[PDB]
Novice: 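Just passing along the structure, written as structure tokens.
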Amino acid sequence: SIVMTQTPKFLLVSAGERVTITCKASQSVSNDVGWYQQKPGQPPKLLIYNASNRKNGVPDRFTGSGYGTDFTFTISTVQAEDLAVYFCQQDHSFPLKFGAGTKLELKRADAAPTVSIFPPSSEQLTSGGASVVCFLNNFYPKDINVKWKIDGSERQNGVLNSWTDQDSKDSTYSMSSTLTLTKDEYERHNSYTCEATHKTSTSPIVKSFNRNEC
Amino acid sequence: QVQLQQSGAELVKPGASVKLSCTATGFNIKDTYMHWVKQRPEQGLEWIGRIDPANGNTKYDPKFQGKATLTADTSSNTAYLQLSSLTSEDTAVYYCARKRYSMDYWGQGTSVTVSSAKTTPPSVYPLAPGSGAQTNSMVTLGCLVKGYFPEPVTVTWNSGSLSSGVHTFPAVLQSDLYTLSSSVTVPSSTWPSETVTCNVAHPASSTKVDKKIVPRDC
């Protein structure tokens, strides 16, 4: 039961800086410490063999050091392809324990979202439901708010939001907001509005459509 | 030459049993220790146990004593993880790894979902822009995949032709059904002049749906 405590959980860093991930073994572990990298949707990949020995085909910017209780994983110059979750591991005592993980996030300049609004599909209207979908693409920082307005009235029920993981190409986030209503309620009203309030602008980014038009 | 081939995804009712296969290549299984790791969604990695294929020695984390039984067959170079008494807490991706002389190689992972909810094929709805939508250099098209269970579904655009401007959003669970959306941004000179089709696959229900993005007709 040698437990590995890994800090930080979230590492907000800028490209070109240096990230240091620390894993503290509750008891002595010495040589038997490994560091893993897990890109989203991929199996974890080993980066450090025995707390300082890079496996092979590993960028020399990935370094590890420490002995006993204190162990450190350091990225010399953070890069876009380094976006992943990093785990420490102890194989000294057979109750093998991983760290909680460190999610690395790249810092970049504020980017305004590109907002698109889509009326419910014709096929779904036959089903008896109506989903209005709003896309907020290529924005930073991640925190953003979406307000749904129907004929000028704010709607807070039936809204599902989903954020993408940070895109390594441009270090941005994308979010999708879906307002789901009954077909009768959708056909009752005409104006449906998607509003995006972000750190880029005090004013909200607004996209709308009218149902009595098609 | 060293790869670990894992079995396909499994959906099981609570209380059932599952067996996962990890077929190896490029290294005999008895000269290394095979390990199995559990990862719950949006969570960390949990070491289940290790199997010594030469003699059958098994060591488990005390939380996986009865739930997980590790068996190995050196003849097929295949390691097995059997999961019984399955509950919702066992819903996770299960990996198999080979460890020898502080060396590691991992398989692709196998997803096991434990739920009483029935398998539900998705409904795929094309999302064309509004009839009076703004015209610009680029046009964004959408695709809605609603009311399916279990995860995962795969979304492609024009069978992989369109890939640069695709944002597929993580699914959201609601009333035991998942819903996700996918967006593709293409130059306005290429739509509707060229075809844009949403390709959705839901392996658990053996569903493959292609939905072309047709401009809205009034």
Side-chain angles (χ1 to χ4, degrees), chain A residues 114-137 146 148-159 161-162 174-182 184-196 205-214, chain B residues 120-133 139-149 153 155 157 167-173 175 177-185 191-192 196-200 202 207 209-210 212-218:
Chain A
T114 301
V115 179
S116 313
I117 189 172
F118 295 87
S121 67
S122 300
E123 293 103 307
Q124 187 191 10
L125 291 177
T126 77
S127 72
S131 302
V132 198
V133 178
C134 188
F135 289 141
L136 286 70
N137 294 336
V146 178
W148 282 96
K149 288 183 178 176
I150 300 174
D151 289 353
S153 299
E154 181 179 4
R155 180 63 159 176
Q156 312 182 249
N157 177 75
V159 176
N161 300 323
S162 180
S174 290
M175 193 228 62
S176 177
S177 185
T178 304
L179 171 63
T180 300
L181 307 166
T182 54
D184 291 357
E185 188 174 8
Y186 171 69
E187 294 181 354
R188 206 283 170 191
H189 305 84
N190 175 62
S191 176
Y192 295 84
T193 295
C194 175
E195 300 186 356
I205 306 177
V206 174
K207 285 295 183 66
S208 302
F209 76 94
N210 289 334
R211 186 194 40 79
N212 76 117
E213 293 189 12
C214 190
Chain B
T120 307
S123 294
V124 182
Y125 298 131
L127 295 176
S131 56
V139 53
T140 296
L141 313 180
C143 189
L144 182 59
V145 183
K146 182 178 171 57
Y148 70 94
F149 187 88
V153 291
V155 184
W157 289 97
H167 295 274
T168 297
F169 301 86
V172 178
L173 180 56
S175 301
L177 288 178
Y178 287 103
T179 304
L180 64 67
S181 54
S182 183
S183 68
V184 55
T185 296
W191 188 86
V196 175
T197 304
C198 178
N199 312 121
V200 176
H202 181 235
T207 297
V209 171
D210 307 319
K212 191 181 190 297
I213 307 300
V214 179
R216 306 193 174 270
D217 181 68
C218 319

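Naming convention: chains lettered A, B, ... in sequence-line order (proteins, then strands); numbering from 1 in each chain. Only heavy atoms go into these numbers, but all of them, side chains included; no hydrogens, no water, no symmetry mates.
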Novice: Between A:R155 and A:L181, is there a side-chain heavy-atom distance shorter than 4.5 Å?
Specialist: yes
Novice: Walk me through it: do B:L180 and B:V155 pass the test side-chain contact (heavy atoms from CB on, under 4.5 Å)?
Specialist: CA-CA 10 Å; B:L180 64 67; B:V155 184; 3.9 Å; yes
Novice: With rounding to the nearest 0.5 angstrom, report the SG to CG distance, A:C214 to B:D217.
Specialist: 7.0 Å
Novice: State the SG-CD1 distance between B:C143 and B:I213, to the nearest 0.5 angstrom.
Specialist: 5.5 Å
Novice: Evaluate side-chain contact (heavy atoms from CB on, under 4.5 Å) for A:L179 paired with A:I150, printing each intermediate quantity in order.
Specialist: CA-CA 10 Å; A:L179 171 63; A:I150 300 174; 3.8 Å; yes
Novice: Once rounded to the nearest 0.5 Å, what's the spacing between atom CG of A:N161 and atom OG of A:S177?
Specialist: 4.0 Å
Novice: Any side-chain heavy-atom pair from B:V214 and B:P126 closer than 4.5 angstrom?
Specialist: no
Novice: I need the minimum non-hydrogen distance between B:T207 and B:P121, along with the two atoms involved.
Specialist: OG1-CB, 3.6 Å
Novice: Using atom types as modelled and distance alone, determine if a side-chain donor or acceptor of B:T120 lies under 3.5 Å from a backbone N or O of B:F149.
Specialist: no
Novice: Should B:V145 and B:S181 count as side-chain neighbours, where that means a heavy-atom distance under 4.5 Å?
Specialist: no
Novice: Is the shortest heavy-atom distance from the side chain of A:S127 to the side chain of B:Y125 under 4.5 Å?
Specialist: yes
Novice: Do B:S182 and B:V184 come close enough that some side-chain heavy atom pair is under 4.5 Å?
Specialist: no
Novice: Counting N and O atoms only, with roles assigned by atom type, does the side chain of B:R216 sit under 3.5 Å from a partner on the main chain of A:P119, one being a donor and the other an acceptor?
Specialist: yes
Novice: Any idea which heavy atoms bring B:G142 and B:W157 closest together, and the distance?
Specialist: O-CH2, 3.6 Å
Novice: Check side chain to side chain contact (heavy atoms under 4.5 Å, CB included) between A:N190 and all other residues, then give those that pass, not counting sequence neighbours.
Specialist: A:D151, A:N210, A:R211, A:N212
Novice: Which atom pair, heavy atoms only, marks the closest approach of B:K146 to A:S131?
Specialist: CD-OG, 3.8 Å
Novice: Please evaluate residues A:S121 and B:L144 with respect to the criterion side-chain contact (heavy atoms from CB on, under 4.5 Å), reporting the C-alpha separation (whole Å), side-chain torsions for both, the decisive distance (0.1 Å), and the verdict.
Specialist: CA-CA 9 Å; A:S121 67; B:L144 182 59; over 6 Å; no
Novice: Once ring pair (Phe, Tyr, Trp, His ring centres under 6.0 Å) is applied, do any residues pair with A:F135, and if so which ones, sequence neighbours excluded?
Specialist: A:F118, B:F169
Novice: Can you find a heavy atom in the side chain of B:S183 that is under 4.5 Å from one in the side chain of A:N137?
Specialist: yes
Novice: If you take all heavy atoms of A:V115 and A:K207, which pair is closest and at what distance?
Specialist: O-NZ, 2.6 Å
Novice: Which class fits the ring pair A:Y192 and A:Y186: parallel under 30°, tilted 30 to 60°, perpendicular over 60°?
Specialist: tilted
Novice: With a 4.5 Å heavy-atom cut-off, do B:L141 and B:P129 have their side chains touching?
Specialist: yes
Novice: Suppose we screen for side chain to side chain contact (heavy atoms under 4.5 Å, CB included). Which residues come up paired with A:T114, at least two apart in sequence or across chains?
Specialist: none
Novice: Is the shortest side-chain heavy-atom distance between B:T179 and A:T180 below 4.5 Å?
Specialist: no
Novice: After noting the C-alpha distance and the side-chain angles of A:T193 and A:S191, does the key distance pass the side-chain contact (heavy atoms from CB on, under 4.5 Å) rule?
Specialist: CA-CA 7 Å; A:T193 295; A:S191 176; 4.0 Å; yes
Novice: Would you say A:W148's side chain and A:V132's backbone share a donor-acceptor pair under 3.5 angstrom?
Specialist: no
